[PDB]
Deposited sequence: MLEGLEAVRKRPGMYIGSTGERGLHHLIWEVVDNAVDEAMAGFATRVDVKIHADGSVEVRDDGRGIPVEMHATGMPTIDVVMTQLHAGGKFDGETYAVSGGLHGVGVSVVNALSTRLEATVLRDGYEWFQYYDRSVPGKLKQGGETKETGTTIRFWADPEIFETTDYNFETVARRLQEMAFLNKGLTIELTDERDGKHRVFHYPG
């Protein structure tokens, strides 16, 4: 299963240093940029929290919550089975929280060391989107301290490569804030 990603993370992520750690962000954001390229999402909100987690929210269709043919929710399939590779982020995170807005309601789905909890439905909403919050594993990673400048330069490039998409970045450690949107 995902123990393969934990045994040899280089084969899925590259390294376990600062580049591999930042790759977790590139992976989650890339999935949202793909939803924007698909013609559904218009913005990506990235938040570096003081607790060591990174939250990425989009206004896309939202990851399907309906039960897959594999006898588990589609979100659990996405998050647990190995161009979507967010299961690798899950595998290398002590915790991951998925908040999905679709089918007229808000949906909650957490993972403890990649192990799913129950899918909690609650609170009706007309809005759509996917929220992913993950806590990178300190045992796997050489460092779990994200660099604001690194995330900003990359998120700016993504905004240049996908003209018209809005990418917002907030570092809740210092209140540093950036908005990247281009013609």
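Unmodelled regions of the deposited chain, listed from N- to C-terminal end, are 1-3, 86-103, 205.
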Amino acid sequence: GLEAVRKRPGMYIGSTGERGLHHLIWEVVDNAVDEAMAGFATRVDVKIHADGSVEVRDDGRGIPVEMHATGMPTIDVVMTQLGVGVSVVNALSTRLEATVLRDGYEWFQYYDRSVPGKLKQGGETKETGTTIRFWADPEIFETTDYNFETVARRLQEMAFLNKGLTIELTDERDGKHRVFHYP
From here on, numbers count along this sequence of modelled residues.
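Remark: stretch with higher mean C-alpha B factor among 145-153 and 115-123 is 115-123. Of the two segments, 64-72 and 30-38, the one listed with the higher mean B-factor is 64-72 (C-alpha atoms only). Of the candidates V86, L82, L96, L92, the deposited coordinates give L82 the top C-alpha B factor.
Taking the deposited Cα B-factors for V46, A50, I132, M158, the highest one is held by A50. For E18, the recorded CA temperature factor ranks within the middle third of the chain's modelled residues. For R8, the recorded CA B-factor ranks within the highest third of the chain. Only modelled residues enter the ranking.
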